[PDB]
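Data block for run.cif (mmCIF, C-alpha atoms and all ligand atoms):
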```cif
data_coords
#
loop_
_atom_site.label_atom_id
_atom_site.label_comp_id
_atom_site.auth_asym_id
_atom_site.auth_seq_id
_atom_site.Cartn_x
_atom_site.Cartn_y
_atom_site.Cartn_z
CA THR A 17 -37.22 -8.05 -19.33
CA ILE A 18 -35.76 -5.62 -16.78
CA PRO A 19 -37.10 -5.96 -13.21
CA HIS A 20 -38.44 -2.82 -11.55
CA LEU A 21 -37.58 -2.18 -7.89
CA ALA A 22 -38.77 0.43 -5.38
CA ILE A 23 -35.54 0.30 -3.35
CA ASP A 24 -34.28 3.80 -2.56
CA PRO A 25 -30.45 3.54 -2.40
CA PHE A 26 -30.31 7.14 -1.10
CA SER A 27 -32.64 6.65 1.87
CA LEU A 28 -31.53 6.64 5.50
CA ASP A 29 -32.77 3.08 6.02
CA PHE A 30 -30.62 1.93 3.10
CA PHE A 31 -27.54 3.74 4.44
CA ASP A 32 -28.20 2.18 7.85
CA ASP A 33 -27.99 -1.36 6.44
CA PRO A 34 -27.49 -1.68 2.66
CA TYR A 35 -26.50 -5.34 2.45
CA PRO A 36 -29.96 -6.99 2.29
CA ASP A 37 -31.11 -4.49 -0.34
CA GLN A 38 -27.80 -4.90 -2.17
CA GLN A 39 -28.43 -8.64 -2.38
CA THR A 40 -31.95 -7.99 -3.67
CA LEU A 41 -30.41 -5.72 -6.32
CA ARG A 42 -27.86 -8.35 -7.38
CA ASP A 43 -30.33 -11.24 -7.42
CA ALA A 44 -33.17 -9.42 -9.21
CA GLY A 45 -31.01 -9.50 -12.34
CA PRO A 46 -27.89 -8.19 -14.06
CA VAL A 47 -29.72 -4.93 -14.87
CA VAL A 48 -32.53 -3.43 -12.79
CA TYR A 49 -34.68 -0.31 -13.03
CA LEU A 50 -35.08 1.90 -9.96
CA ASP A 51 -38.54 3.46 -10.25
CA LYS A 52 -37.81 5.68 -7.24
CA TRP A 53 -35.45 7.84 -9.32
CA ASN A 54 -36.11 6.55 -12.86
CA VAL A 55 -32.60 5.17 -13.30
CA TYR A 56 -31.09 1.88 -14.32
CA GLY A 57 -28.92 0.08 -11.78
CA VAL A 58 -26.19 -2.55 -11.79
CA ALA A 59 -25.01 -4.27 -8.62
CA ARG A 60 -23.13 -7.41 -9.73
CA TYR A 61 -19.36 -7.48 -10.19
CA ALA A 62 -19.59 -8.54 -13.84
CA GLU A 63 -21.86 -5.71 -15.01
CA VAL A 64 -20.29 -3.03 -12.79
CA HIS A 65 -16.89 -3.91 -14.26
CA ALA A 66 -18.36 -3.95 -17.77
CA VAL A 67 -19.92 -0.49 -17.40
CA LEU A 68 -16.80 1.00 -15.81
CA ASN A 69 -14.63 -0.32 -18.66
CA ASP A 70 -16.82 1.23 -21.40
CA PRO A 71 -16.62 4.95 -20.55
CA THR A 72 -17.69 6.21 -23.99
CA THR A 73 -20.99 4.32 -24.02
CA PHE A 74 -21.43 4.85 -20.26
CA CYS A 75 -19.97 8.33 -20.13
CA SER A 76 -19.06 10.59 -17.22
CA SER A 77 -19.17 13.97 -19.00
CA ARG A 78 -22.93 14.20 -18.36
CA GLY A 79 -22.22 13.91 -14.62
CA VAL A 80 -21.44 11.01 -12.30
CA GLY A 81 -24.30 12.04 -10.02
CA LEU A 82 -28.00 11.64 -10.67
CA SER A 83 -28.21 15.02 -12.41
CA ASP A 84 -27.71 14.79 -16.18
CA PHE A 85 -25.60 17.81 -17.14
CA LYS A 86 -27.22 17.79 -20.58
CA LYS A 87 -30.57 18.46 -18.86
CA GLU A 88 -29.70 20.48 -15.73
CA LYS A 89 -27.09 23.10 -14.96
CA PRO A 90 -24.27 21.69 -12.80
CA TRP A 91 -24.16 22.98 -9.24
CA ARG A 92 -20.46 23.74 -9.83
CA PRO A 93 -18.27 23.85 -12.94
CA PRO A 94 -17.93 20.22 -14.09
CA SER A 95 -14.86 18.43 -12.80
CA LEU A 96 -12.27 18.44 -15.58
CA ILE A 97 -11.22 14.87 -14.74
CA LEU A 98 -14.06 13.03 -12.98
CA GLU A 99 -16.83 14.48 -15.16
CA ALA A 100 -14.98 14.40 -18.48
CA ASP A 101 -14.67 11.76 -21.17
CA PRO A 102 -11.76 10.89 -23.43
CA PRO A 103 -10.13 12.80 -25.10
CA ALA A 104 -10.75 15.82 -22.84
CA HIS A 105 -9.97 13.53 -19.90
CA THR A 106 -6.43 12.63 -21.08
CA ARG A 107 -4.02 15.32 -20.14
CA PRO A 108 -5.63 16.23 -16.81
CA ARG A 109 -5.57 12.50 -16.01
CA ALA A 110 -1.89 12.23 -16.96
CA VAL A 111 -1.05 15.38 -14.99
CA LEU A 112 -2.69 14.13 -11.80
CA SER A 113 -1.12 10.71 -12.43
CA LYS A 114 2.33 12.32 -12.49
CA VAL A 115 1.58 14.59 -9.51
CA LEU A 116 0.33 11.66 -7.40
CA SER A 117 2.96 9.36 -8.84
CA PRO A 118 5.26 6.80 -7.19
CA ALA A 119 8.04 9.39 -6.87
CA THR A 120 5.82 11.84 -5.02
CA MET A 121 4.94 8.98 -2.68
CA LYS A 122 8.68 8.71 -2.09
CA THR A 123 8.64 12.38 -1.11
CA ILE A 124 5.72 12.14 1.37
CA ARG A 125 6.02 8.63 2.85
CA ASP A 126 8.27 9.41 5.81
CA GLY A 127 6.18 12.39 6.89
CA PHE A 128 2.92 10.47 6.63
CA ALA A 129 4.40 7.54 8.56
CA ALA A 130 5.70 9.79 11.34
CA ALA A 131 2.27 11.43 11.61
CA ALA A 132 0.54 8.04 11.80
CA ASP A 133 2.90 6.59 14.42
CA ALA A 134 2.57 9.86 16.32
CA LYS A 135 -1.23 9.78 16.33
CA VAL A 136 -1.32 6.15 17.45
CA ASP A 137 1.12 6.90 20.26
CA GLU A 138 -0.92 9.97 21.23
CA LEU A 139 -3.98 7.71 21.48
CA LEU A 140 -2.18 5.01 23.45
CA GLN A 141 -1.81 7.96 25.79
CA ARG A 142 -5.63 7.77 25.69
CA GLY A 143 -6.93 4.21 25.55
CA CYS A 144 -10.67 4.78 25.06
CA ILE A 145 -10.96 6.66 21.77
CA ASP A 146 -13.68 7.42 19.34
CA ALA A 147 -11.84 5.86 16.41
CA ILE A 148 -13.55 8.33 14.05
CA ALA A 149 -13.09 11.69 15.77
CA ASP A 150 -9.74 10.78 17.33
CA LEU A 151 -8.14 8.66 14.58
CA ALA A 152 -9.94 8.29 11.25
CA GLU A 153 -10.51 12.04 10.87
CA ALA A 154 -7.60 13.45 12.88
CA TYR A 155 -4.83 11.72 10.92
CA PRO A 156 -5.88 12.58 7.33
CA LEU A 157 -6.66 16.08 8.59
CA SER A 158 -3.14 16.18 10.03
CA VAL A 159 -1.35 15.00 6.85
CA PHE A 160 -3.39 15.45 3.67
CA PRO A 161 -3.99 19.24 3.70
CA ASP A 162 -0.24 19.67 4.17
CA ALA A 163 0.48 17.31 1.27
CA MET A 164 -1.87 19.46 -0.82
CA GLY A 165 0.15 22.54 0.14
CA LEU A 166 -2.77 24.44 1.64
CA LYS A 167 -2.31 27.43 3.91
CA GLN A 168 -2.75 26.50 7.56
CA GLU A 169 -6.14 28.16 7.80
CA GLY A 170 -9.37 27.31 6.08
CA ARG A 171 -8.42 23.63 6.05
CA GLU A 172 -11.61 23.29 8.09
CA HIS A 173 -13.49 24.05 4.86
CA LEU A 174 -12.16 20.77 3.49
CA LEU A 175 -14.38 18.29 5.33
CA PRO A 176 -17.58 20.29 4.58
CA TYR A 177 -16.82 20.92 0.92
CA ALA A 178 -15.76 17.33 0.25
CA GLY A 179 -18.88 16.05 1.99
CA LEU A 180 -20.94 18.56 0.03
CA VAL A 181 -19.56 17.26 -3.28
CA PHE A 182 -20.43 13.69 -2.36
CA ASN A 183 -23.92 14.65 -1.21
CA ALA A 184 -24.35 16.49 -4.53
CA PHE A 185 -23.86 13.31 -6.58
CA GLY A 186 -27.09 12.02 -5.07
CA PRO A 187 -30.72 12.68 -5.89
CA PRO A 188 -32.47 15.89 -4.86
CA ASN A 189 -33.20 14.49 -1.40
CA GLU A 190 -32.81 16.37 1.88
CA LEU A 191 -29.12 15.40 2.12
CA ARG A 192 -28.31 16.95 -1.26
CA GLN A 193 -30.46 20.06 -0.88
CA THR A 194 -28.95 20.26 2.60
CA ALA A 195 -25.43 20.24 1.19
CA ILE A 196 -25.84 22.62 -1.76
CA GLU A 197 -28.05 25.32 -0.22
CA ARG A 198 -25.88 28.26 0.89
CA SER A 199 -22.63 26.26 0.76
CA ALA A 200 -21.13 29.43 -0.81
CA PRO A 201 -18.55 30.07 1.95
CA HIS A 202 -16.81 26.75 1.32
CA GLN A 203 -17.07 27.29 -2.44
CA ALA A 204 -15.38 30.64 -1.84
CA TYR A 205 -12.48 29.28 0.23
CA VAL A 206 -11.78 26.37 -2.11
CA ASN A 207 -11.87 28.68 -5.13
CA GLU A 208 -9.28 30.93 -3.50
CA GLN A 209 -7.08 28.05 -2.30
CA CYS A 210 -6.82 26.51 -5.77
CA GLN A 211 -4.86 29.56 -6.97
CA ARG A 212 -1.08 29.14 -7.24
CA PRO A 213 -0.17 31.98 -4.80
CA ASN A 214 -2.14 30.28 -1.99
CA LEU A 215 -0.50 26.85 -2.45
CA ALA A 216 2.93 26.20 -0.96
CA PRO A 217 5.27 24.83 -3.66
CA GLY A 218 6.24 21.19 -3.52
CA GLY A 219 2.67 20.28 -2.61
CA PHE A 220 0.24 18.50 -4.90
CA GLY A 221 -1.59 21.67 -5.90
CA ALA A 222 1.54 23.66 -6.72
CA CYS A 223 2.76 20.68 -8.76
CA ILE A 224 -0.50 20.70 -10.73
CA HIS A 225 0.06 24.38 -11.47
CA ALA A 226 3.69 23.58 -12.30
CA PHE A 227 2.50 21.17 -14.98
CA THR A 228 0.59 24.00 -16.71
CA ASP A 229 3.63 24.94 -18.85
CA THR A 230 4.02 21.42 -20.32
CA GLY A 231 1.09 21.61 -22.74
CA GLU A 232 -0.98 18.92 -21.03
CA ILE A 233 -3.11 21.37 -19.03
CA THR A 234 -3.46 25.14 -19.35
CA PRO A 235 -3.21 27.63 -16.47
CA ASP A 236 -6.99 28.14 -16.36
CA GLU A 237 -7.48 24.41 -15.69
CA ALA A 238 -5.09 23.94 -12.75
CA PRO A 239 -7.43 25.41 -10.09
CA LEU A 240 -10.20 22.96 -11.00
CA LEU A 241 -7.79 20.02 -10.72
CA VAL A 242 -6.58 21.27 -7.35
CA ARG A 243 -10.29 21.49 -6.57
CA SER A 244 -10.64 17.84 -7.61
CA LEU A 245 -7.90 16.68 -5.24
CA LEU A 246 -9.36 18.85 -2.47
CA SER A 247 -12.82 17.34 -2.94
CA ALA A 248 -11.97 13.64 -3.41
CA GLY A 249 -8.79 13.42 -1.34
CA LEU A 250 -10.05 13.64 2.25
CA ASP A 251 -13.45 12.21 3.24
CA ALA A 252 -12.99 8.99 1.27
CA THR A 253 -9.74 8.24 3.10
CA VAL A 254 -11.30 9.15 6.45
CA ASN A 255 -14.13 6.68 5.91
CA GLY A 256 -11.61 4.14 4.63
CA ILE A 257 -9.42 4.29 7.74
CA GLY A 258 -12.52 4.24 9.92
CA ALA A 259 -13.55 1.12 8.02
CA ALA A 260 -10.16 -0.52 8.62
CA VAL A 261 -10.25 0.15 12.36
CA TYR A 262 -13.87 -1.02 12.38
CA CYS A 263 -12.98 -4.35 10.76
CA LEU A 264 -9.95 -4.93 12.98
CA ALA A 265 -12.28 -4.39 15.94
CA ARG A 266 -14.93 -6.77 14.60
CA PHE A 267 -12.40 -9.41 13.42
CA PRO A 268 -9.85 -9.69 16.26
CA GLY A 269 -8.16 -12.68 14.63
CA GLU A 270 -7.26 -10.36 11.76
CA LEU A 271 -5.76 -7.79 14.11
CA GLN A 272 -3.63 -10.53 15.66
CA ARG A 273 -2.48 -11.65 12.22
CA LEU A 274 -1.62 -8.04 11.38
CA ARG A 275 0.39 -7.49 14.57
CA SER A 276 2.28 -10.70 13.85
CA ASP A 277 3.20 -9.41 10.38
CA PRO A 278 2.91 -5.63 10.00
CA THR A 279 3.84 -6.01 6.31
CA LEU A 280 0.22 -7.04 5.66
CA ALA A 281 -0.85 -3.49 6.61
CA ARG A 282 -1.22 -2.40 2.99
CA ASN A 283 -3.36 -5.38 2.04
CA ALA A 284 -5.29 -5.00 5.27
CA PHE A 285 -6.24 -1.50 4.18
CA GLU A 286 -7.04 -2.71 0.67
CA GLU A 287 -9.35 -5.38 2.08
CA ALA A 288 -11.13 -2.75 4.15
CA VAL A 289 -11.62 -0.70 0.98
CA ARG A 290 -13.23 -3.75 -0.60
CA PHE A 291 -15.18 -4.67 2.52
CA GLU A 292 -16.74 -1.27 3.23
CA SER A 293 -16.26 0.49 -0.13
CA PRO A 294 -16.10 4.08 1.17
CA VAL A 295 -17.40 5.23 -2.22
CA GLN A 296 -20.60 3.21 -2.49
CA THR A 297 -22.07 4.32 -5.80
CA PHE A 298 -21.45 6.30 -8.97
CA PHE A 299 -23.53 7.13 -12.04
CA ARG A 300 -22.85 6.95 -15.76
CA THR A 301 -25.00 8.20 -18.65
CA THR A 302 -25.58 6.23 -21.84
CA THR A 303 -24.43 8.00 -25.01
CA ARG A 304 -26.36 5.54 -27.21
CA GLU A 305 -28.79 2.67 -26.93
CA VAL A 306 -26.72 -0.21 -25.55
CA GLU A 307 -27.18 -3.86 -24.60
CA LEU A 308 -26.11 -4.86 -21.09
CA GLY A 309 -26.75 -8.25 -19.50
CA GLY A 310 -29.26 -9.27 -22.15
CA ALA A 311 -31.25 -6.06 -21.59
CA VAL A 312 -31.44 -2.90 -23.69
CA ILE A 313 -30.95 0.60 -22.27
CA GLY A 314 -31.92 3.68 -24.25
CA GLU A 315 -29.71 6.68 -24.93
CA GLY A 316 -29.44 9.43 -22.36
CA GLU A 317 -30.26 7.14 -19.42
CA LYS A 318 -28.61 7.30 -16.01
CA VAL A 319 -27.01 4.06 -14.81
CA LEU A 320 -26.25 3.68 -11.11
CA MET A 321 -23.25 1.50 -10.24
CA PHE A 322 -23.29 -0.18 -6.81
CA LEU A 323 -19.55 -0.50 -6.17
CA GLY A 324 -19.87 -1.90 -2.65
CA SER A 325 -22.31 -4.50 -3.94
CA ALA A 326 -19.87 -5.49 -6.67
CA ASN A 327 -17.26 -5.83 -3.92
CA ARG A 328 -19.52 -8.21 -1.98
CA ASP A 329 -20.92 -10.17 -4.95
CA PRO A 330 -20.70 -13.89 -4.02
CA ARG A 331 -20.55 -14.54 -7.77
CA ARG A 332 -17.01 -13.09 -7.60
CA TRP A 333 -15.78 -13.24 -3.99
CA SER A 334 -15.41 -16.22 -1.69
CA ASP A 335 -16.82 -15.41 1.75
CA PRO A 336 -17.54 -11.81 0.66
CA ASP A 337 -18.88 -10.84 4.10
CA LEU A 338 -15.63 -11.81 5.86
CA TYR A 339 -12.74 -9.40 6.39
CA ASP A 340 -9.56 -11.28 5.41
CA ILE A 341 -6.33 -9.27 5.45
CA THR A 342 -4.60 -11.93 3.32
CA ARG A 343 -7.41 -12.02 0.78
CA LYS A 344 -6.16 -11.32 -2.70
CA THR A 345 -7.93 -7.99 -3.32
CA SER A 346 -6.89 -7.30 -6.93
CA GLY A 347 -9.94 -6.70 -9.09
CA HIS A 348 -12.12 -4.97 -6.52
CA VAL A 349 -13.82 -1.75 -7.63
CA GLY A 350 -13.56 0.25 -4.40
CA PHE A 351 -11.18 2.53 -6.32
CA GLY A 352 -13.12 2.17 -9.57
CA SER A 353 -11.82 0.54 -12.71
CA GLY A 354 -10.73 1.66 -16.16
CA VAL A 355 -9.67 5.11 -17.33
CA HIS A 356 -11.21 6.83 -14.28
CA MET A 357 -9.72 4.46 -11.69
CA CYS A 358 -8.83 6.55 -8.64
CA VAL A 359 -5.81 8.62 -9.69
CA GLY A 360 -5.05 9.26 -6.00
CA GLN A 361 -5.13 5.62 -4.86
CA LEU A 362 -1.42 5.65 -3.94
CA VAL A 363 -2.07 8.49 -1.48
CA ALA A 364 -5.01 6.66 0.10
CA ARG A 365 -3.07 3.39 0.30
CA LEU A 366 -0.10 5.23 1.83
CA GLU A 367 -2.21 6.86 4.56
CA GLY A 368 -4.05 3.65 5.39
CA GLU A 369 -0.93 1.48 5.22
CA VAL A 370 1.06 3.64 7.62
CA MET A 371 -1.89 4.06 10.00
CA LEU A 372 -2.60 0.32 10.19
CA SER A 373 1.13 -0.36 10.52
CA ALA A 374 1.26 2.00 13.50
CA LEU A 375 -1.73 0.22 15.06
CA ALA A 376 -0.14 -3.16 14.27
CA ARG A 377 3.16 -2.34 15.96
CA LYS A 378 1.67 -0.41 18.89
CA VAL A 379 -1.80 -1.81 19.74
CA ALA A 380 -2.67 -5.20 21.22
CA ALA A 381 -6.48 -5.07 21.19
CA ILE A 382 -9.38 -2.94 19.94
CA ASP A 383 -12.72 -3.57 21.68
CA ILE A 384 -15.74 -1.46 20.72
CA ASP A 385 -16.38 0.71 23.79
CA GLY A 386 -19.84 2.12 23.01
CA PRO A 387 -22.69 2.69 20.55
CA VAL A 388 -21.55 2.70 16.93
CA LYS A 389 -23.03 5.62 14.99
CA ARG A 390 -23.24 5.77 11.20
CA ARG A 391 -22.54 8.84 9.07
CA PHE A 392 -25.08 9.42 6.30
CA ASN A 393 -24.12 10.66 2.84
CA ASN A 394 -25.58 10.12 -0.63
CA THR A 395 -22.30 8.70 -1.99
CA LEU A 396 -20.06 7.87 0.98
CA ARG A 397 -20.33 5.03 3.50
CA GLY A 398 -18.66 5.60 6.85
CA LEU A 399 -19.07 5.89 10.59
CA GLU A 400 -19.94 8.95 12.66
CA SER A 401 -18.73 7.36 15.91
CA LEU A 402 -16.66 4.23 16.60
CA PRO A 403 -16.00 4.00 20.35
CA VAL A 404 -13.18 1.58 21.14
CA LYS A 405 -10.90 0.66 24.03
CA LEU A 406 -7.31 0.23 22.83
CA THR A 407 -5.15 -2.20 24.79
CA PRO A 408 -1.48 -1.35 24.12
CA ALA A 409 1.09 -3.94 23.10
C1 LIG B 1 -10.02 5.14 0.50
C2 LIG B 1 -9.82 6.23 -0.27
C3 LIG B 1 -10.42 6.45 -1.68
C4 LIG B 1 -11.42 5.82 -2.32
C5 LIG B 1 -12.31 4.66 -1.83
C6 LIG B 1 -11.58 6.43 -3.63
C7 LIG B 1 -12.50 6.07 -4.60
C8 LIG B 1 -12.55 6.51 -5.92
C9 LIG B 1 -13.34 5.93 -7.00
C10 LIG B 1 -14.29 4.72 -6.86
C11 LIG B 1 -13.11 6.63 -8.12
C12 LIG B 1 -13.73 6.37 -9.52
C13 LIG B 1 -14.69 7.48 -9.93
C14 LIG B 1 -15.47 7.10 -11.16
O1 LIG B 1 -15.23 6.02 -11.75
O2 LIG B 1 -16.36 7.89 -11.57
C15 LIG B 1 -12.14 7.67 -7.79
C16 LIG B 1 -11.63 8.63 -8.64
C17 LIG B 1 -10.84 9.69 -8.25
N1 LIG B 1 -10.24 9.84 -7.01
FE1 LIG B 1 -10.40 8.63 -5.38
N2 LIG B 1 -10.63 7.42 -3.75
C18 LIG B 1 -9.91 7.47 -2.58
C19 LIG B 1 -8.87 8.35 -2.31
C20 LIG B 1 -8.51 9.42 -3.10
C21 LIG B 1 -7.46 10.37 -2.84
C22 LIG B 1 -6.58 10.28 -1.57
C23 LIG B 1 -7.44 11.26 -3.86
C24 LIG B 1 -6.54 12.50 -4.14
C25 LIG B 1 -5.54 12.93 -3.37
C26 LIG B 1 -8.48 10.88 -4.79
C27 LIG B 1 -8.79 11.53 -5.97
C28 LIG B 1 -9.53 11.03 -7.02
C29 LIG B 1 -9.71 11.64 -8.32
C30 LIG B 1 -9.09 12.98 -8.77
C31 LIG B 1 -10.49 10.84 -9.05
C32 LIG B 1 -10.95 11.05 -10.51
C33 LIG B 1 -10.03 10.24 -11.42
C34 LIG B 1 -10.57 10.22 -12.82
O3 LIG B 1 -11.75 10.61 -13.02
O4 LIG B 1 -9.79 9.82 -13.73
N3 LIG B 1 -9.11 9.76 -4.30
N4 LIG B 1 -11.84 7.57 -6.45
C1 LIG B 2 -14.36 9.47 -6.64
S1 LIG B 2 -14.91 10.89 -5.67
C2 LIG B 2 -14.46 12.36 -6.62
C3 LIG B 2 -13.47 12.28 -7.59
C4 LIG B 2 -13.11 13.40 -8.31
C5 LIG B 2 -13.76 14.60 -8.06
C6 LIG B 2 -13.38 15.85 -8.85
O1 LIG B 2 -12.68 15.74 -9.90
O2 LIG B 2 -13.78 16.97 -8.45
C7 LIG B 2 -14.75 14.68 -7.09
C8 LIG B 2 -15.10 13.56 -6.37
#
```

As structure tokens, please, write out the structure in this file.
Ligand code: HEM
Ligand SMILES: CSc1ccc(C(=O)O)cc1
Amino acid sequence: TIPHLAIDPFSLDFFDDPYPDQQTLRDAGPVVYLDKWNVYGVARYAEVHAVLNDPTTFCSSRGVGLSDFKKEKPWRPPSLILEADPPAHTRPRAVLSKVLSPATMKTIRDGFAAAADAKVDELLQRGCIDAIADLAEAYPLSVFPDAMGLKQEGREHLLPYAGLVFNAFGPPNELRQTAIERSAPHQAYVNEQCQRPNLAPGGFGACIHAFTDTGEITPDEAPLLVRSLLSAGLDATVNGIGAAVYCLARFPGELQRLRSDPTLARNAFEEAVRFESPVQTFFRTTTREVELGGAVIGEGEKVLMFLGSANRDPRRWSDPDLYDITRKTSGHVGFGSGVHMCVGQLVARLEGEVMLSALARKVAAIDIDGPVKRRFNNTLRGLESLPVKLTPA
């Protein structure tokens, strides 16, 4: 049978320390039922990977939040890529894959690297930073909106709106109702910024629009894809970088290894993505009755995937609670898995790689310099404040 648990994965206590409850979720069985929200849940690597790699049984077109779009009206027009299934998902997926492709990385790498190095040097002209306010947020705010091709102003909308989106994937708790209620202004700005005239060419958004004459996407779809990049392209990377700095502070041996060989920077970042999993959870909806882990789930049921749990499953990872910058990270689900696997993962890995490389070449020590404060969000895991003293190299 399926065990029934009262754990609330969208409660502040859970956000404050999810790992005990995540173990309870893994050990209760391959498939659990969360009575708090009447949803099924999967927290082991095996089942998370199985669900992710069966997107037509466990579909996304009925929403990847708790809300089932077949039963409730979406708070915003459904995402044409995240909240779509094959075949509708194809050509937007391919378009964003070409926009955020290797070649585009070739076009943005030097700028991103210069911005990273420059921020690290600016903060060595500081010493005692809040690694969130001064580094994790500042850098992606200083590079990503430009890479999107957004006008200089209104970029401030980006952090709110993104956050809003991620709070909206959660249940109707006070975080979600907090986010959605009267968020109109952001919704306005974003809507206006997704239009071709307001996006500087050569940026990601203008390239999306540019692809509208190829027959993969139509002109009415481009603004929603620009919206997608503007919603998923900032806060996740912020929390990811904050996670990387956090780990390097908590595992000084790993910082020393990284300094010794800056070429591990990329894998360092990847390990942080596994270790903290900035995107903690995502939902699917069953399109039919389906058997998973010896249990049977009815049609039209929400299934909650615990990505961070899958990334700390001792059934899959040796020493899962240890940050190891030489760990082989292939197979982790911090970026998802399958047809929906993060189409912008090269951008995230670029930002994190160049930031951790800057730290590696320019910083000798990172020692937490105050109270660590967590940032609470229905979907995202990250830090509100990470006070550290940076000792230069
Ligand atoms: C550390 C940084 C990041 C993390 C942890 C992350 C995480 C994820 C995950 C787990 C998914 C799978 C969603 C699902 O299966 O339902 C996803 C999809 C997606 N991500 Fe990211 N992401 C990051 C950075 C970015 C960036 C920088 C961009 C864009 C510039 C981006 C844009 C997207 C988009 C558009 C999708 C939807 C892809 C699809 O549905 O086919 N993400 N991301
Ligand atoms: C994985 S977080 C995320 C991804 C995509 C979208 C979107 O397509 O709007 C929103 C959030």

Exercise. Skipping near chain neighbours, those fewer than 2 positions away, what residues fall within 9 Å of stretch 247-261 of chain A using all atoms listed in the file, listed as an NGL selection string?
Worked result: :A and (147-148 or 151-157 or 160-161 or 174-175 or 177-182 or 242-245 or 263-266 or 284-289 or 291-295 or 360 or 363-365 or 367-368 or 371-372 or 375 or 382 or 396-399 or 402)

So for stretch 67-73 of chain A, what box centre and size do we get, axis-aligned, 5 Å extra on each of the six sides, every listed atom, Å to one decimal, as AutoDock Vina command-line options?
```
--center_x -17.8 --center_y 2.9 --center_z -19.9 --size_x 16.4 --size_y 16.7 --size_z 18.2
```

Exercise. Could you state the separation of atom CA of residue A:164 and atom CA of residue A:133 in Å, given to one decimal place?
Worked result: 20.5 Å

Problem set entry | Spatial neighbours of stretch 319-322 of chain A, max dist 10 Å, all atoms listed in the file, sep filter under 3 positions, as a ChimeraX atom specification | /A:25,38,41-42,47-50,54-61,63-65,67-68,74-75,80-82,293,295-302,313,316,325-327,349

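With distances restricted to only C-alpha atoms and all ligand atoms, A:102 is the closest residue to ligand LIG 1 (chain B) from A:408, A:102, A:19, A:188.
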
What's around residue A:239 at 9 Å? Count only C-alpha atoms, leave out sequence neighbours fewer than 4 positions away in its own chain, and write the answer as a PDB file with C-alpha atoms, keeping the file's coordinate frame.
```pdb
ATOM      1  CA  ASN A 207     -11.870  28.680  -5.130  1.00  0.00           C
ATOM      2  CA  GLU A 208      -9.280  30.930  -3.500  1.00  0.00           C
ATOM      3  CA  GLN A 209      -7.080  28.050  -2.300  1.00  0.00           C
ATOM      4  CA  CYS A 210      -6.820  26.510  -5.770  1.00  0.00           C
ATOM      5  CA  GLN A 211      -4.860  29.560  -6.970  1.00  0.00           C
ATOM      6  CA  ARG A 212      -1.080  29.140  -7.240  1.00  0.00           C
ATOM      7  CA  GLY A 221      -1.590  21.670  -5.900  1.00  0.00           C
ATOM      8  CA  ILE A 224      -0.500  20.700 -10.730  1.00  0.00           C
ATOM      9  CA  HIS A 225       0.060  24.380 -11.470  1.00  0.00           C
ATOM     10  CA  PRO A 235      -3.210  27.630 -16.470  1.00  0.00           C
ATOM     11  CA  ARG A 243     -10.290  21.490  -6.570  1.00  0.00           C
ATOM     12  CA  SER A 244     -10.640  17.840  -7.610  1.00  0.00           C
TER      13      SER A 244
END
```

Exercise. Which residue out of A:146, A:314, A:403, A:118 has the minimum interatomic distance to residue A:361 when only C-alpha atoms are used?
Worked result: A:118

Exercise. So how far away is atom CA of residue A:96 from atom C29 of ligand LIG 1 (chain B), in Å?
Worked result: 10.3 Å

For this session: Considering all atoms listed in the file, state which residue in the set A:357, A:306, A:44, A:311 is at the smallest distance from ligand LIG 1 (chain B).
Result: A:357

Some atoms are missing, so please complete stretch 69-77 of chain A with N, CA and C atoms and return it as an mmCIF file, in the coordinates of the input.
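Contents of the output file rebuild21.cif:
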```
data_model
loop_
_atom_site.group_PDB
_atom_site.id
_atom_site.type_symbol
_atom_site.label_atom_id
_atom_site.label_comp_id
_atom_site.auth_asym_id
_atom_site.auth_seq_id
_atom_site.Cartn_x
_atom_site.Cartn_y
_atom_site.Cartn_z
ATOM 1 N N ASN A 69 -15.624 -0.153 -17.616
ATOM 2 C CA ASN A 69 -14.630 -0.320 -18.660
ATOM 3 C C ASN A 69 -15.170 0.009 -20.050
ATOM 4 N N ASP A 70 -16.277 0.747 -20.126
ATOM 5 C CA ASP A 70 -16.820 1.230 -21.400
ATOM 6 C C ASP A 70 -17.230 2.688 -21.223
ATOM 7 N N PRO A 71 -16.267 3.567 -20.911
ATOM 8 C CA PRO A 71 -16.620 4.950 -20.550
ATOM 9 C C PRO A 71 -17.148 5.814 -21.681
ATOM 10 N N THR A 72 -17.107 5.379 -22.938
ATOM 11 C CA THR A 72 -17.690 6.210 -23.990
ATOM 12 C C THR A 72 -19.151 5.879 -24.256
ATOM 13 N N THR A 73 -19.566 4.635 -24.016
ATOM 14 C CA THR A 73 -20.990 4.320 -24.020
ATOM 15 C C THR A 73 -21.629 4.758 -22.707
ATOM 16 N N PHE A 74 -20.991 4.425 -21.586
ATOM 17 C CA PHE A 74 -21.430 4.850 -20.260
ATOM 18 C C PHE A 74 -20.513 5.985 -19.818
ATOM 19 N N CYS A 75 -20.857 7.193 -20.256
ATOM 20 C CA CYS A 75 -19.970 8.330 -20.130
ATOM 21 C C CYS A 75 -20.095 8.995 -18.767
ATOM 22 N N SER A 76 -19.087 9.806 -18.445
ATOM 23 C CA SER A 76 -19.060 10.590 -17.220
ATOM 24 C C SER A 76 -19.243 12.081 -17.465
ATOM 25 N N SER A 77 -19.113 12.541 -18.714
ATOM 26 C CA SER A 77 -19.170 13.970 -19.000
ATOM 27 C C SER A 77 -20.556 14.562 -18.795
#
```
